[PDB]
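Colleague: Structure below; questions to follow.
Read the figures in this text as sums done on the coordinates, not as results from a lab. No Cβ is skipped: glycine too gets one built from the backbone with ideal geometry, and neighbour counts run over all protein chains shown.
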Amino acid sequence: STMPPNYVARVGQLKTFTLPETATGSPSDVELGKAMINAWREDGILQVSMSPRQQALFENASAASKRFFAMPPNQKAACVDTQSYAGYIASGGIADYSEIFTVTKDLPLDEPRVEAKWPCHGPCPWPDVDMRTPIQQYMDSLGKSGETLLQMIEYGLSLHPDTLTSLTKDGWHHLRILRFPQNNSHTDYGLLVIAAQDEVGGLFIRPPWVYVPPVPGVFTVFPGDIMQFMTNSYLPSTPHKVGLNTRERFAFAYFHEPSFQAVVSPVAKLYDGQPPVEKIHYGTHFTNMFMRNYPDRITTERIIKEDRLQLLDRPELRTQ
């Protein structure tokens, strides 16, 4: 077993599926959607086989990840932006700290949303184009898989068409490039979390702890908090923790998210009788989570100094 030491968990026997290239509402899509829902309600997590074209993009993105983390520390620490939370975040012989490079929506300085000084909207601090192109193409392939999974959920739950896919139009998709060093419970604010890992392993989940073994050629998908809110605990939020192994581990964390301007509301079908009157504005939910997780960041201080949080109450940031 590739399980990190000093940890006690059960090995997971997850179901593996193959997503169709285009969800059309065929009887094959309805049967596949219902099978994925039962897997999420029983084990809390399922695996999806990568297409051979997606495997090439994962290898290119994994190569650009190791090339970035091989740079000197001061060259990586300079990858910070004052308008966007994307960039490098550190922990502390070779290395001994957990490093993360978040990639939010990359918008130039002349974009209307960045000119209006909206919170979290800004350029992405890429160190070079050699890292920007492969990681961007990897996010585009994960965006296609994330949308097909949402169409599977609407077909399995027999929801009205475009019930979930209409929220992710220009969605605030962001990717978290992780690196965990040698050994010598977190949540997830979103609809679906697509995670890909190497052969080292160290991912643990909590069914509705269980170790997720590394399987070549597949990525793992588990819902988050926003999915549980809309579905009335039908698809529960799966907590995840990472354990340090004997060797360095590289992994990805993709978040298929609604639009920054979209306001999610519970599904009236999945609620007995009347649904709650509560509504979550994702733009306010996203900024509140990053301002709490990264308080000492220059991005948070600028939002506080320039008082950009007052823009979250304007209707232009709530209609899309």
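Colleague: Quick check on the stretch 156-163. Is at least one of its residues touching a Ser or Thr at 6+ places or on another chain (Cβ under 9 Å) and outside any loop (DSSP other than H, G, I, E, B)?
Modeller: No, the stretch 156-163 contains no residue that is touching a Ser or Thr at 6+ places or on another chain (Cβ under 9 Å) and outside any loop (DSSP other than H, G, I, E, B).
Colleague: For the stretch 26-138, give me every one of the helices (runs of 4 or more DSSP H) that falls completely inside it and has 3 or more residues that are closer than 30 Å to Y234 by Cβ.
Modeller: In the stretch 26-138, the matching helices (runs of 4 or more DSSP H) lie at 27-42.
Colleague: To continue, here is another question. Which residues, taken from the stretch 4-33, are surrounded by 12 or more Cβ atoms within 10 Å (Cβ to Cβ) and within 23 Å of the chain's Cα centre (by Cα)?
Modeller: Residues satisfying the conditions are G12, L14, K15, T16, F17, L19, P20, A23, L32, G33.
Colleague: Follow-up question, since we're still on this one. Got a number for residues in the stretch 96-150 being out of contact with any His (no Cβ under 9 Å at 6 or more places or on another chain) and hydrophobic (A, V, I, L, M, F, W, C)?
Modeller: Selection size over the stretch 96-150: 11.
Colleague: For the stretch 210-256, enumerate the residues that are buried (at least 17 other Cβ atoms within 10 Å of the Cβ), in contact with a helix residue (DSSP H, G or I) (Cβ under 7 Å, 6 or more places away or on another chain) and farther than 14 Å from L178 by Cβ.
Modeller: Listed by number, the residues that qualify are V221, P223, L235, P236, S237, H256.
Colleague: Taking the condition of being in a loop (DSSP other than H, G, I, E, B), within 24 Å of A95 (Cα to Cα) and not charged (D, E, K, R), how many residues in the stretch 186-209 meet it?
Modeller: 3
Colleague: If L270 meets every condition in (1) out of contact with any helix residue (DSSP H, G or I) (no Cβ under 8 Å at 6 or more places or on another chain); (2) within 22 Å of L149 (Cβ to Cβ); (3) aliphatic (A, V, I, L, M); (4) not in a strand (DSSP E or B) apart from one, which number is that one?
Modeller: If we test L270 against (1) out of contact with any helix residue (DSSP H, G or I) (no Cβ under 8 Å at 6 or more places or on another chain); (2) within 22 Å of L149 (Cβ to Cβ); (3) aliphatic (A, V, I, L, M); (4) not in a strand (DSSP E or B), just (1) comes out false.
Colleague: When you scan the stretch 49-57, do you find a residue that is of a type in the set (A, V, I, L, M, F, W, C) and more than 17 Å from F219 (Cβ to Cβ), even just one?
Modeller: Among the residues of the stretch 49-57, not one is of a type in the set (A, V, I, L, M, F, W, C) and more than 17 Å from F219 (Cβ to Cβ), which makes the answer no.
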